[PDB]
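Results of the structural survey
Spelled out from the first residue to the last, the chains are:
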Amino acid sequence: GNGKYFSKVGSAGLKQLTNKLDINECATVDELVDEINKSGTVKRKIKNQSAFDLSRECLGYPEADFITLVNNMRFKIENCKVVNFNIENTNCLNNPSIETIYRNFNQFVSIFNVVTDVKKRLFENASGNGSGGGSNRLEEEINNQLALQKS
């Protein structure tokens, strides 16, 4: 029997995704992709859903209010993934709902990190990140880091 039903970051995003995708459990994004790779419907849906959206859904935060949180935050984007973050304008935290969302925002980014990697793994590139350039502020900063990368 497997124990330790507690994980923060990384495998936590996997655990939330595997739960959401109704797939097998996964210890790494690499193994996660492989399971999804077996689940054709999930695989295709991961590209059909946007990383931001797919990840946000996994937590169950209200789209608008969740977006409201990240627009007022900033993020350390390491390798196209939010590795760290902090709130820039605590205006959104006026709502205890968003407080709840914020205090557990890392969960989202954990899941986001996963879908951000998985969507790259399954698809060499896809229009399923969030919106043009980026979802909402968060991915814009990511795209911003990518803009620094003059090809």
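As recorded in the entry header, the structure was determined using solution NMR.

1. Re the pattern of salt bridges
Per the counting criterion, the structure on display carries eight salt bridges. One salt bridge in this structure joins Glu57 and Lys20, with 3.7 Å as the shortest N-O distance. Of this pair, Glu57 sits in helix 4 (residues 51–59) while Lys20 sits in helix 1 (residues 11–20), and the two are 37 residues apart along the sequence. Judged by its relative accessible area of 31%, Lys20 is partly exposed. Put simply, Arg121 and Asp117 hold a salt bridge, and the shortest N to O gap is 2.6 Å. In this pair, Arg121 and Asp117 both sit in helix 7 (residues 105–122), four residues apart, roughly one turn of the helix. A residue is classified by how much of its surface remains accessible, and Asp117, at 17% relative accessible area, is buried.

What counts and how
- Residues numbered from 1 in each chain as written, not as in the entry; some residues may be left out.
- Heavy atoms only, no water.
- Salt bridge = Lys/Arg side-chain N within 4 Å of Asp/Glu carboxyl O.
- Helix = DSSP H or I, 4+ residues; strand = E, 2+ residues; numbered from the N terminus.
- Buried < 20%, exposed > 50% of the residue type's maximum accessible area, 1.4 Å probe, protein only.

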